[PDB]
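One protein chain, two forms: both are listed below as structure tokens, the first as structure 1 and the second as structure 2.
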Structure 1
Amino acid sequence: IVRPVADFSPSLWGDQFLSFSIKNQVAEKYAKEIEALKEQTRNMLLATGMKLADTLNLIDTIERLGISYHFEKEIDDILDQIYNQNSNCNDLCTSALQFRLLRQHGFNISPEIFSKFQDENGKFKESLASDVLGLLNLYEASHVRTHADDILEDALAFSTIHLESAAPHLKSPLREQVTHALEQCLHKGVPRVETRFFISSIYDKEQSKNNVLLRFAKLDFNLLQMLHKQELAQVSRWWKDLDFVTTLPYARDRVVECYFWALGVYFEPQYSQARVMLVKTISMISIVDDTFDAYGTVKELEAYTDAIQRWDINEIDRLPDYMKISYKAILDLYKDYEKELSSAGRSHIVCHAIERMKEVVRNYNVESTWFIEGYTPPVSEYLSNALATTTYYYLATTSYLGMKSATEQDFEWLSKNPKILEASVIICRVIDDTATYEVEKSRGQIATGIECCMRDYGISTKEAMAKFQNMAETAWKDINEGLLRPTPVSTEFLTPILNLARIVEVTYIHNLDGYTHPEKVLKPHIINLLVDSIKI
């Protein structure tokens, strides 16, 4: 059997993450100071007699600085007061911020707050074109709409063209903030990534900055980074002791990138165990993907798929030696999860992730059959298979394993493919397809998303990529709707799904496969989050 030639890049990190020794002296000092700063900041929030605009800017700044996870109760109480009092008597920048903050937190504030900023025709008054802070906040708000917000249909175009016009002549750091916003809006960005930029590039350089908030944000970010580095070291050692880098040379060596994914899903300390479980799953399923995509024969893939369905170590002998390596590693991993969850009596929930993995592999095999037969399915049939092969139903289910408060009813809800999960999956599917279209087309993949779309509807590549763009936009509106109260499960279990959608946007920014080619997109993010501390 002549296998295809290896074409992937090696890990660009080597062993620089393998050993990290925390400095307990520094960490304990940081934490001791943070406690003091945390309380000063709390008192800023609970301060009475604040104006609406000041209150919203405080909350907004604390969220962008990445320290709002300390104040979820206080921020919620305040936004709930604002929601229920109905203040319709403000300028564009306060109104747009009010809208965004409330919607992001699930409060269904009416989009009619914007009608006073539009003419009889529902288009924004062009007299607002000289209000840069108004335009910036309108811009950020435009990314949070649902299907019920067509009054905002013009907001993105309007704010974008006038921010571009104004940008070159703005003072710093406002100019940099506007320029950054036009490249990456806040709502669709990975939170740690946006936080790092905000602290270091914007707030640190604001003439008006609050010194207590800035120091708090820097210390907290650097302290959490220490934890992230310990987790990455622990995960790097686990990966090294599996040694797929040499026993399975056909596969992408990307455990750091996988960690960045898990860090994107949640960054907070209480999700430390959840992050480590998640990244191990991402790494492992990525090995299975490459086995199907760039190494295994049709016959070998069949045995592998069936062994996975039966899920039994007795089945290894049906497999070629190299497949025994991945298969035992997979079964062992899930036995590890089971033991790791035994202490809390949550072992039984592991079977939910296992059934989602079986689903991914069945659909991998189908995709392989299609490729060999040269089948180009209709879009409907294509998606019925290719949605699961994003792995996103599987990763979402996996993200719950290490979350201490996840109950069986939470898994029961997820298992029904609720709309917010379906939307996140769809976003990953159509963006990946738009980006990897050309590459897969050159490798003989006639069953690629865009191709199925072109053939089905009888339309050009351009028209099909536009249709996929529309599906992404529709899905973002569904994600935004799915955050609105009353939520079907706790918000804590929605945020990982939202964050998975965000990781897509960030990873495939400017239409490139950032996981396969980490050097362009992911490398600076990894350095900013996991190598370089913010200088105080």
Structure 2
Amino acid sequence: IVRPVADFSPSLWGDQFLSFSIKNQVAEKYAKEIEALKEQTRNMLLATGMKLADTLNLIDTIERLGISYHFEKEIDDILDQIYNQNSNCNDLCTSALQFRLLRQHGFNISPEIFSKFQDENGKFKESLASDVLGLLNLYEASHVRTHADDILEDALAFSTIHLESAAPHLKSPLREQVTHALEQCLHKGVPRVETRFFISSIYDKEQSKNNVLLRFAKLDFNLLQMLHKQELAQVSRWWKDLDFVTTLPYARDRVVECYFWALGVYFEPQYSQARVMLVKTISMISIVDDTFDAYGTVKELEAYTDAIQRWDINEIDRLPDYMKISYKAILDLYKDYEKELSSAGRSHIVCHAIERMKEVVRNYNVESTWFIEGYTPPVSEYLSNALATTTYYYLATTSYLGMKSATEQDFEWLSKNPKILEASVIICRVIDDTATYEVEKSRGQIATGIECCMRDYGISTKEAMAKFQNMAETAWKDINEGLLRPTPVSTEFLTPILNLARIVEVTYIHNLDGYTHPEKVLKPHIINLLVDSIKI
């Protein structure tokens, strides 16, 4: 009877993913060759009498090529040997790479390694300003700082300014790699995205590439992409048979972008079931955010919220017709989840996701009420509600549903809101509010968290946005600290939370709503990961 209309742009993909016939002959050919190159590479790693720097370059290259998930053991064993040896008689380049690789893998190497490259003020020696490879590796390393690493405080600023100064005169592909790093650092990037770029734009054009590794990475990428395309087809069909495109026209039609999201959380083959479960959840809760924001009268959203808490088809008759559509879809979804996990006896664990979703829906209704009433809460009260509305507690919990190694102890840990999870949630919230403002406010909004922060601290819109971006930086330090050993749960269950944070940085790069406006940002990513193969 109202009714908003956000004039949302419609899917730009149409039919093109709906049907994918895997060429089983080609798939077997790639798998055949890859097995050979895998052992060729495993033996590269197990080689002895290698220099520290050669070893680190090898691992770095393998990781960036996106084929390191084949060698978790090997790479672990090497980094552990390096961590425990205390070698540090090296140059900036090697020291910074050593720092980053060990930190990314949970090894708490001391940042004292950088002391020889600084003066008595802890500022980096400007004499290093012409070691471009050293600057490059420091830049990268500077993004894995924790709160205990204040010695690295100058690293980003210092490395950045001299990389920018150097870049135009560098040879290719190094120039392209510097320019790219300045725009998207490795640590905070989505792995498949960074890998596609590296393989195709950098390593393939290096004078000195290892041909075995190059071939390995191209084949493995193109091969996993076939699986991804199968999943998206299967998911596109699921979505199309739901026809929310017409029966729920008010919502954003973005299931492909949702798949990209799930692919960001994990790309590995063994997580196929998990990806498919996750993306269904992502796109489904996306419908709900679109009902509480626009098209949602306070009256109507109330009954829905009560229906979700009670969680029972018997309550559909209490709902407006269009809300019935969404609500049986949700309940049906969770019974699918139950039967899909029925075989593995892991059926019971579904209720962890459900309770998180109830939590999300509850806080959606608060947010709605705040707009209609026009209530601009204190920023503290605002976050105690807005954190869950990111859906990230919920997505994190969902991402475990498909992982077969996930035990109840894992869910119990996740349920207590661990610091790594909250940091990821915080990064999503503050970056969303910076980037999707004003989108929002362009639906005449006033409930926005930015406007809270302005009214609360008596500060300008630009000022508030900074202080928010700052909260994101603090939270990255807590994510990096969350990965350090001993870890509260297996690294396997930490990486999806890290990847959730990465997806935020990537989707809202340059402060734009990449999800609502996939055009500029996400479309290229989707094309490179899901449409175009790597030319062999």
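Residue positions are counted from 1 along structure 1's sequence. Between two forms, the rigid core is the largest collection of C-alphas that superpose within 1.5 Å.
After superposition on the rigid core, the single residue among 343, 127, 85, 442 whose C-alpha moves by 2 Å or more between structures 1 and 2 is 442. On the core-superposed pair, the CA position of residue 296 changes by 2.2 Å between structures 1 and 2. Relative to the superposed rigid core, residue 482 shifts its CA by 0.1 Å between structures 1 and 2. The shift recorded for the CA atom of residue 458 between structures 1 and 2 is 1.0 Å, with superposition on the rigid core.
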